[PDB]
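Next comes just one chain, in structure tokens: the form deposited in one PDB entry.
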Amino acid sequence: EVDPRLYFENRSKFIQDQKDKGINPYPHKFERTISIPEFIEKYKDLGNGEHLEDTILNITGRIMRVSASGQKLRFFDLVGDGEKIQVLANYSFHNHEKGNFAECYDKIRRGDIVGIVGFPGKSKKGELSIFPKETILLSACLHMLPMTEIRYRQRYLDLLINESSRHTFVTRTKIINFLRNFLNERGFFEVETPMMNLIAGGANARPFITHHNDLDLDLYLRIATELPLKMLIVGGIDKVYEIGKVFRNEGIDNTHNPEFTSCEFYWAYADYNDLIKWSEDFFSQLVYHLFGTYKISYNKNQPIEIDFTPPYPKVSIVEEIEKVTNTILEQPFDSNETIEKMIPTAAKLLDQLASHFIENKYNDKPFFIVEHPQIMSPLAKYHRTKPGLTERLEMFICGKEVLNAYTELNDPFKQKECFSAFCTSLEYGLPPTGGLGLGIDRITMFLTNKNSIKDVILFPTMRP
């Protein structure tokens, strides 16, 4: 019925026309006495047709529906904090000294933010409403709202229109709150490490790089928090952690965003077994805390049930490939004879072999791949009984990695061999320690039934 540019340009003209005649169409302050959630909670118990004309409230919110019986009766839907109530504006109840009813309400469109002074009640039908004496425009919406990629570029629209979108992001903040408290209860101490560093260690990933002008120095954005957090373990913070963005300069897809939110903790006097027990407590507890159960459903078409009831399976990556392929790969894995017997180095061959024959062994429970070779795991400690291997675990949910942990290599000698501030700190004595990383975005995806990482990040990185 309406062109959008015309609409935009007319609402613009209206705003200036208000200005030019004195009205301030963007008032500074509307003193509100109740929120929409508070309103519902207080007045749901009313009878149908009941008005409390005695009781005057100031309320605010955004108009999302506009309707009318005729000129002297207008209806709107008013939303605040994910809740909605009806505004039933009736000519006769209008404080007419403050403005002509028809001109006051004809200028109120879908998307406008308003302030309303009026009395609570219900329609005969039973609809909970505010009945205004005065409705003030506090901030106009200049575009027509919708009744694609837009969810990502214009997230504010998504949050207003789709009830589920908001629910996804509340869950997100809850998940992060749960984790933070889970660790705080267990005596972990939260810290911030630097985002920009001269070296960029902690994982195997191409880094972003930037420049500081006044120091004339190039810097790498951190690809992980591992190295500085161990330094703090040396510094005597026995249980330490960090939740925060890390940056990897690799391609973007459903399960990759160039900046993502991770959590790493390090735990002095711990090892892989404790890390396994912690992982099983954390996930089972988190999921119960959100759903009242350990089985969640997910839409990997029809959904599947993921059962987070512990324990979980622990598949040993060498013993399992050897099992299913009926072939021995002797422990010098980067040797020519073993590299061949697989077949672009040994680390990437194992990654592909694992990524085919092992990472989707289970879909109906989360599970662990354990005991990765030293050649894949340069900071993980050597296995206490199994030459060539390490005390490492990675948890997987539906084929994607969400948790990576190991007993930390704390021998400065067995480490220079896998390759400075960090190297030196190891020489001051790192205690035996267990370390663990989490993919918070990825975990959020499963727990909010999303199948892109872009759905659980408010502003995912996109091209222009």
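We call the rigid core whatever largest set of C-alpha positions still superposes within 1.5 Å between the two forms. Only residues modelled in both forms are compared. Position 1 is the first residue in the sequence shown; the rest follow in order.
Gap between residue 256 and residue 257: none; every deposited residue in this span has coordinates. Going from residue 413 to residue 414, the model skips none of the deposited residues; the chain is continuous there. Averaged over CA atoms, B-factors in the entry run higher in 41 to 49 than in the other of 23 to 31 and 41 to 49. Looking at 108 to 116 and 198 to 206 together, the entry lists the larger mean B-factor for 198 to 206, computed on C-alpha atoms. When the C-alpha B-factors of 98, 361, 248, 239 are ranked from the entry, the top spot goes to 361.
For the set 132, 228, 244, 366, the maximum C-alpha B-factor listed in the entry falls on 366.
When the CA B factors of the chain's modelled residues are split into thirds, the value for residue 332 lands in the highest one.
In this PDB entry, residue 187 carries a Cα temperature factor that places it within the middle third of its chain's modelled residues. Among the modelled residues of the chain, residue 399 sits in the highest third by CA temperature factor in this PDB entry.
Among all modelled residues in its chain, residue 158 ranks in the middle third by Cα B-factor.
When all modelled residues of the chain are sorted by CA temperature factor, residue 80 is found within the lowest third.
Same protein, other form: the form deposited in another entry, not shown, and the subject of what follows.
Comparing C-alpha positions between this form and the one not shown after a rigid core fit, one residue in 193, 338, 261, 257 moves 2 angstroms or more. It is 338. In the core-superposed comparison between this form and the one not shown, residue 325 has its Cα shifted by at least 2 Å. By the rule of 2 Å per CA over three or more consecutive residues, the rigid core superposition between this form and the one not shown yields shifted runs at 323 to 331, 336 to 343.
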